[PDB]
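Data block below; observations after.
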Amino acid sequence: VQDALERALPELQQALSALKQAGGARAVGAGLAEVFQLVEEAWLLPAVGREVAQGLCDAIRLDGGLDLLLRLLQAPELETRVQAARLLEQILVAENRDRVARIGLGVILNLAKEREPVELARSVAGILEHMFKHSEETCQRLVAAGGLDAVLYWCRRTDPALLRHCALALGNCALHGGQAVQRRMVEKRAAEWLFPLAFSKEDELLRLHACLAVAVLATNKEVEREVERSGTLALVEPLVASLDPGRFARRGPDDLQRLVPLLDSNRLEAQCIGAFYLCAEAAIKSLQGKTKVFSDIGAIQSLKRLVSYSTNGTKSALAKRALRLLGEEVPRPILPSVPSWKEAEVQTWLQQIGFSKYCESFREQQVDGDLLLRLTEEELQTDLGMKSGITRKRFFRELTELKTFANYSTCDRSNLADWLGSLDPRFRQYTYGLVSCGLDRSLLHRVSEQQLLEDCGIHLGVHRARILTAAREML
Amino acid sequence: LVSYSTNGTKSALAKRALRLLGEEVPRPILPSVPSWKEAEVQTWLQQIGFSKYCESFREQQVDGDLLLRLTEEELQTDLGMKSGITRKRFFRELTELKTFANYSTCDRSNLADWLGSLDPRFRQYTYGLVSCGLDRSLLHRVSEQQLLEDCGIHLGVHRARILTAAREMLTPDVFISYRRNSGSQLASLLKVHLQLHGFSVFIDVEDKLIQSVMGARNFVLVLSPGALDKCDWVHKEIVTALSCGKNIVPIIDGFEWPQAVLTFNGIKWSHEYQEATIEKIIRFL
C-alpha cells in the first residue's frame, strides 16, 4: 500500500552502498552513515514501519551486502567499524540470523575482544543478543568461544543502552539453551554478576529483565541452591509489587510458551515474574486484536492455580488481573481445613480443577472432606463413574496437590505433617491416612511394611521403605 | 533428521530434499517434554505416523507427564491400540523421545547422565525413577522388584545392570553504606568483586541492621559525590562502627571532604582499572 511506494525501493540502496566501490576510509564510513539513517526512519513510522522493515532487511540479504558488511568489520584502518556494526543490528531478522550463523560467527566473536570503546560494545552486544535467540547450537558455540564472557564483562559499565542489551541477552541464552548452557552460565557465576543490574535506580526495564533471567535459572533444580547463594533472588517480589503492569508493559506464540513453565514452578519468585509479563502481554494483546492462543499455551489453567492454593497477595493480584482481562471467571481461594469440608466445598473445588462434569456424581453420593481424602481407585471406577484409567491419574494428581496444602489441625496431634515434609515435601499427603488409622510420632516405631499399604494407603514401595528406615531412627 | 535434529547442516539438507518432493516440512519439537501440554503431543503424533490415534489422546487430555507414564493397558483399553505390534512401534517412538527429552524441570542430581554412562539406551528411565522420588543418594537401597512395579523397567537384564552399578557407589564479614539515587550503582559493583573473593557481605536490599553492623568484621562507606551534604541512616550506622572502631574504610569517589569520620584514609575509584582497586582493598580490609 503506502509501503508499496517504499517497496518500490525509492533509494536502490543508494546505488548499493556506493556500488561497494567507495574505496576510501572516509568514503566507506560515509556510505554506511546515510543508509543507516535511511533504515531508522523506515523502521520508525506509523503502522507500516514494522511490516516494511522486513522487506528492507530482505532486500539487503538478496543484495549480498551482508557479506560486504561482514567484509568491512575486518579493516584495521577503519577504526570506525562502528558504522558497520550498528547497521547490522536493525537488519537482523530471523531469516537473517541463519545466514549470519552459517558464516558470521567468525568475526563477530572475534569482534568481542575489542572491549575498550563504548561505541563498538554498545552494538556488538546487540548482535550477541539477537544470535542468542537462535537454536542451541549457536548458543553452545558462543558460550565456549567467549561470547558469554564478553557480556558478563560489561556489567561494570554504566551506559544505559549497553547494560540493557547485556541483561536482555543473558535471559535469551537461558531460555533457548539447555542444561549444558545453563550449567555453564552458573559455573561462570552469571547470576552473581546480575545483582548490580538487579539493584538499579536509574531504570526499571533493566531491573525487570534481569529478574526474568535469574528466574529462569530459578526454574532448574540442578543449580537452584547456587543461584540462591548469590542473594539476587530476594529483589524479585518487591519490584513486581512496586510496579504496575497496566502501562509499564509498553512476543509470538512460541516465546510465551517459555513463560508458562515459570508459573508451574514451586519458586514463588518465578511465579510472580511470569504473571507480571503474562498480564502485560494480555493487556497489549487484548487491545491489539484478539486471539485464543492462551487456551492452547495453557496459561489459563495455571493462572487459576496461582490464585487458588495461593499464599501471597502479589502473586494472586497479578494473576487475578490477567484472568479478568481475558474474560473468564475468577476462582475463589479455597479453605485449607479440608477434613471439615462439606458437600458444597468439594463441588467448588471440582470446578477449579476441570472436573465440573464429575460433579453430580459426588453430590449424589454425598462426598465430604473425610471421604474425598480416602477415595480409592475402585470407588472412583464403580461408584463415581471414572472409567478411564488415566483420568483417574489426573484426579490423584489434583488430590495430591490439595493434601500437600491441606490443614490438619482438627485431625493431627503430634505434628506429623511436618515430620513427613522434612523427609520429602511430597510425603505430606500421607498425613490423613496415617492418623485416621490411629498413629502418631510415638507409635510409628512399630508399624510394618504391610500396614502402610493396606491401611494407610502408601502404594509406592520406595516411599514405604524411606518412612520405615526413618521411623526406626527415632529409637 | 529435522526433528530430534541438533545440527543445522543436517537439518537444512533434509529440509530442502523434503520440500522438493512436495511434502510438509516438520517443525523441530521442544526438548522439555514434562512441561508439554495437549497441543505439543498432538503435533508430535503427526510427526511419527500416529495421526489417527490423535483424537483419542485429545479426548483423554494426554499431557507430557501422562505420555511419559503410559502403560500397555492404558493404550489398549483407553486410547484404542488393539494390535500388540502397533503398541510396540509406539514404544519404539517414545523410547527415542525419552532419550532426547530435557529433564531440567524434573531432575536434581543429573541422573540422566548417570544412566547414559552405563548405556545410551538407559536414559529413557529417568522420568520413572524421579517421579517416584529417587536420586543418586537413594539408589543404593532400591530393589529388583521396585524397579519393575514402580519405575517401570520391564526387561530384567537392564534391572540387574542398574543394581550392580548402583551398589558400586558405596556470619557477615563486611558492610556497605550508600546513599539512594546516588551511589546505588557503585555499591553493587563493590559487592560483586568482594563476593567472588571469598568474603560474604550484608548489603541493603531496599535496629536489626545496627546489630548486623556489629557482626561484620569490616565496614565500608562509599563516598558518592555530594553525598554527605544532606547530613540519618548513614549517620546511625557510622557512629555504630565508631563505637567498635573495626577497620572502617571509605572509598573515595568524587568526594571533596567538605563527627570525627574524616580522620581516615581510603581508596580512590578507577572505573576502568578494576581488579587493581579491588586487589588493593582486599589487602586493606
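Here's how to read the names in the C-alpha cells: chain A, B, ... by the order shown, residue numbers from 1 in each chain, ligand numbers from 1 in the order shown.
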
Please identify every residue of chain A that has at least one atom no farther than 8 Å from an atom of chain B, counting only C-alpha atoms, and for each give the shortest atom pair and the distance in Å to one decimal, arranged by chain then increasing number, as a Markdown table.
```
| residue | atom | partner | partner_atom | distance |
| --- | --- | --- | --- | --- |
| A:136 | CA | B:6 | CA | 7.9 |
| A:137 | CA | B:7 | CA | 7.0 |
| A:156 | CA | B:189 | CA | 6.6 |
| A:178 | CA | B:102 | CA | 7.9 |
| A:179 | CA | B:104 | CA | 6.8 |
| A:192 | CA | B:192 | CA | 6.8 |
| A:193 | CA | B:192 | CA | 6.5 |
| A:195 | CA | B:188 | CA | 6.8 |
| A:196 | CA | B:188 | CA | 4.7 |
| A:199 | CA | B:188 | CA | 7.1 |
| A:200 | CA | B:185 | CA | 6.4 |
| A:201 | CA | B:181 | CA | 6.2 |
| A:202 | CA | B:181 | CA | 7.6 |
| A:219 | CA | B:105 | CA | 6.6 |
| A:220 | CA | B:104 | CA | 5.5 |
| A:221 | CA | B:108 | CA | 5.2 |
| A:222 | CA | B:108 | CA | 4.5 |
| A:234 | CA | B:205 | CA | 7.6 |
| A:235 | CA | B:205 | CA | 6.9 |
| A:261 | CA | B:35 | CA | 6.7 |
| A:296 | CA | B:39 | CA | 6.4 |
| A:297 | CA | B:37 | CA | 7.5 |
| A:298 | CA | B:37 | CA | 7.0 |
| A:388 | CA | B:78 | CA | 6.1 |
| A:389 | CA | B:74 | CA | 6.6 |
| A:390 | CA | B:74 | CA | 7.1 |
| A:391 | CA | B:60 | CA | 6.9 |
| A:460 | CA | B:150 | CA | 6.4 |
| A:461 | CA | B:146 | CA | 6.8 |
| A:462 | CA | B:146 | CA | 7.0 |
| A:463 | CA | B:133 | CA | 7.7 |
```

Output the selection as a CSV table (one decimal), in the first residue's frame - N, CA and C atoms for each residue.
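Below is the file out.csv, written as the result:
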```
chain,number,residue,atom,x,y,z
A,136,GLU,N,20.1,-23.9,19.9
A,136,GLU,CA,21.0,-24.3,20.9
A,136,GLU,C,22.4,-24.3,20.4
A,137,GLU,N,22.6,-24.7,19.2
A,137,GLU,CA,24.0,-24.9,18.6
A,137,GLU,C,24.7,-23.5,18.6
A,156,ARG,N,30.2,-4.0,34.7
A,156,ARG,CA,30.8,-2.8,35.3
A,156,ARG,C,30.4,-1.6,34.6
A,178,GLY,N,20.2,-25.2,26.8
A,178,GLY,CA,19.9,-26.3,27.6
A,178,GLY,C,20.6,-26.4,28.9
A,179,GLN,N,20.7,-27.7,29.4
A,179,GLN,CA,21.3,-27.9,30.8
A,179,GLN,C,22.9,-27.7,30.7
A,192,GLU,N,25.4,-14.1,39.9
A,192,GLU,CA,26.0,-13.2,40.8
A,192,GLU,C,26.3,-11.9,40.2
A,193,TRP,N,26.8,-11.9,38.9
A,193,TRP,CA,27.0,-10.6,38.2
A,193,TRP,C,25.7,-9.9,37.8
A,195,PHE,N,23.3,-9.1,40.0
A,195,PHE,CA,22.8,-8.2,41.1
A,195,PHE,C,23.0,-6.7,40.7
A,196,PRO,N,24.2,-6.3,40.3
A,196,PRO,CA,24.3,-4.8,40.1
A,196,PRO,C,23.3,-4.3,39.1
A,199,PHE,N,19.9,-4.4,41.1
A,199,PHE,CA,19.8,-3.3,42.0
A,199,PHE,C,20.2,-2.1,41.3
A,200,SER,N,19.2,-1.5,40.6
A,200,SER,CA,19.4,-0.2,39.9
A,200,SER,C,18.4,0.8,40.4
A,201,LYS,N,18.6,2.1,40.0
A,201,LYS,CA,17.7,3.1,40.4
A,201,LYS,C,17.3,4.0,39.2
A,202,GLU,N,18.2,4.1,38.2
A,202,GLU,CA,18.0,5.0,37.1
A,202,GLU,C,16.9,4.4,36.2
A,219,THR,N,14.2,-21.9,37.8
A,219,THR,CA,13.3,-23.0,37.5
A,219,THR,C,14.1,-24.2,37.0
A,220,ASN,N,15.3,-24.4,37.5
A,220,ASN,CA,16.2,-25.5,37.1
A,220,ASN,C,16.8,-26.0,38.4
A,221,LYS,N,16.3,-27.2,38.9
A,221,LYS,CA,16.7,-27.6,40.2
A,221,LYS,C,17.9,-28.5,40.2
A,222,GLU,N,18.8,-28.3,39.2
A,222,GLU,CA,20.2,-28.8,39.4
A,222,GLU,C,21.0,-27.7,40.0
A,234,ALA,N,16.2,-12.2,46.2
A,234,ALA,CA,15.3,-11.5,47.2
A,234,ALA,C,14.7,-10.2,46.6
A,235,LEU,N,15.3,-9.7,45.5
A,235,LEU,CA,14.8,-8.5,44.9
A,235,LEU,C,13.6,-8.6,44.0
A,261,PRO,N,6.1,-22.2,32.0
A,261,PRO,CA,6.8,-23.0,33.0
A,261,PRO,C,7.4,-22.3,34.2
A,296,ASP,N,-4.5,-22.6,24.1
A,296,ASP,CA,-3.6,-23.6,23.6
A,296,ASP,C,-2.3,-23.7,24.4
A,297,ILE,N,-1.7,-22.5,24.7
A,297,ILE,CA,-0.5,-22.5,25.5
A,297,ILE,C,-0.7,-23.0,26.9
A,298,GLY,N,-1.9,-22.9,27.5
A,298,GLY,CA,-2.2,-23.5,28.7
A,298,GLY,C,-2.0,-22.6,29.9
A,388,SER,N,-12.1,-44.3,32.6
A,388,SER,CA,-10.7,-44.2,32.1
A,388,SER,C,-9.7,-44.2,33.2
A,389,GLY,N,-8.6,-45.0,33.0
A,389,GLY,CA,-7.6,-45.1,34.0
A,389,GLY,C,-6.6,-44.0,34.0
A,390,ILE,N,-6.6,-43.1,33.0
A,390,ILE,CA,-5.7,-42.0,33.1
A,390,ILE,C,-6.4,-40.7,33.5
A,391,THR,N,-7.7,-40.7,33.4
A,391,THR,CA,-8.4,-39.6,34.1
A,391,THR,C,-8.3,-39.7,35.6
A,460,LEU,N,3.2,-46.8,46.5
A,460,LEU,CA,4.5,-47.0,46.0
A,460,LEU,C,5.4,-47.5,47.2
A,461,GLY,N,6.3,-48.4,46.9
A,461,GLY,CA,7.1,-49.1,47.9
A,461,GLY,C,8.3,-48.3,48.3
A,462,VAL,N,8.8,-47.5,47.3
A,462,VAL,CA,10.0,-46.7,47.6
A,462,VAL,C,9.7,-45.7,48.8
A,463,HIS,N,8.5,-45.1,48.7
A,463,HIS,CA,8.1,-44.2,49.9
A,463,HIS,C,8.0,-45.0,51.2
```

Where does DSSP see helix (DSSP H, G or I) in segment 126-269 of chain B, if you list the residues as a VMD selection string? chain B and resid 126 to 131 139 to 141 146 to 151 156 to 166 184 to 196 208 to 215 228 to 230 233 to 244

Residues near residue 117 of chain A, anyone? I mean within 12 Å using only C-alpha atoms, not counting same-chain ones fewer than 3 positions away, as a PyMOL selection string. (chain A and resi 79-82+111-114+120-124+154+157+159+162) or (chain B and resi 272)

Could you write out the selected residues, including N, CA and C atoms, as a short mmCIF file (atom, residue, chain, number, x, y, z; two decimals), in the first residue's frame?
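Result saved to again20.cif:
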```
data_model
loop_
_atom_site.label_atom_id
_atom_site.label_comp_id
_atom_site.auth_asym_id
_atom_site.auth_seq_id
_atom_site.Cartn_x
_atom_site.Cartn_y
_atom_site.Cartn_z
N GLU A 79 39.12 2.13 12.01
CA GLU A 79 38.77 2.24 13.43
C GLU A 79 37.28 2.50 13.59
N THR A 80 36.65 3.05 12.56
CA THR A 80 35.20 3.20 12.53
C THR A 80 34.57 2.00 11.83
N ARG A 81 34.73 0.83 12.45
CA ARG A 81 33.78 -0.24 12.19
C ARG A 81 32.41 0.09 12.75
N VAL A 82 32.36 1.07 13.65
CA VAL A 82 31.16 1.35 14.42
C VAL A 82 29.95 1.51 13.52
N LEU A 111 35.17 -9.97 17.14
CA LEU A 111 34.98 -8.56 17.44
C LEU A 111 34.82 -8.30 18.92
N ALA A 112 34.33 -9.28 19.67
CA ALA A 112 34.04 -9.08 21.08
C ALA A 112 35.27 -8.70 21.88
N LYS A 113 36.47 -9.04 21.40
CA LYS A 113 37.67 -8.76 22.16
C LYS A 113 38.06 -7.29 22.14
N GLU A 114 37.45 -6.49 21.27
CA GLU A 114 37.70 -5.05 21.25
C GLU A 114 36.78 -4.41 22.30
N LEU A 120 31.68 0.72 20.12
CA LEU A 120 31.68 -0.59 19.50
C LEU A 120 30.91 -1.60 20.35
N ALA A 121 31.09 -1.53 21.66
CA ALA A 121 30.48 -2.52 22.54
C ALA A 121 28.96 -2.40 22.54
N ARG A 122 28.44 -1.18 22.49
CA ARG A 122 27.01 -0.97 22.67
C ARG A 122 26.20 -1.51 21.51
N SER A 123 26.84 -1.90 20.41
CA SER A 123 26.15 -2.52 19.29
C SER A 123 26.44 -4.00 19.16
N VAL A 124 27.71 -4.41 19.29
CA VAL A 124 28.03 -5.83 19.26
C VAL A 124 27.24 -6.56 20.32
N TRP A 154 30.73 -6.58 30.73
CA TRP A 154 30.15 -5.26 30.61
C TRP A 154 29.16 -4.93 31.72
N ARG A 157 29.87 -1.65 33.42
CA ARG A 157 29.62 -0.47 32.61
C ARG A 157 28.45 0.32 33.16
N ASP A 159 26.75 2.84 30.77
CA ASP A 159 25.91 3.34 29.70
C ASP A 159 24.55 2.66 29.76
N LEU A 162 23.76 -0.04 26.72
CA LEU A 162 24.66 -1.19 26.77
C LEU A 162 24.22 -2.18 27.84
N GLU B 272 37.77 1.95 35.10
CA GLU B 272 38.26 1.03 34.08
C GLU B 272 39.50 0.26 34.51
#
```

Have a look at B:279, B:55, B:135, B:144 and name the one nearest to residue 267 of chain B; count only C-alpha atoms.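 The closest residue to residue 267 of chain B is B:279.
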
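Atom pair atom CA of residue 3 of chain A / atom CA of residue 52 of chain A: separated by 6.1 Å.
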
Hey, can you check how far atom CA of residue 121 of chain B sits from atom CA of residue 99 of chain B?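 Result for atom CA of residue 121 of chain B versus atom CA of residue 99 of chain B: 7.1 Å, one decimal.
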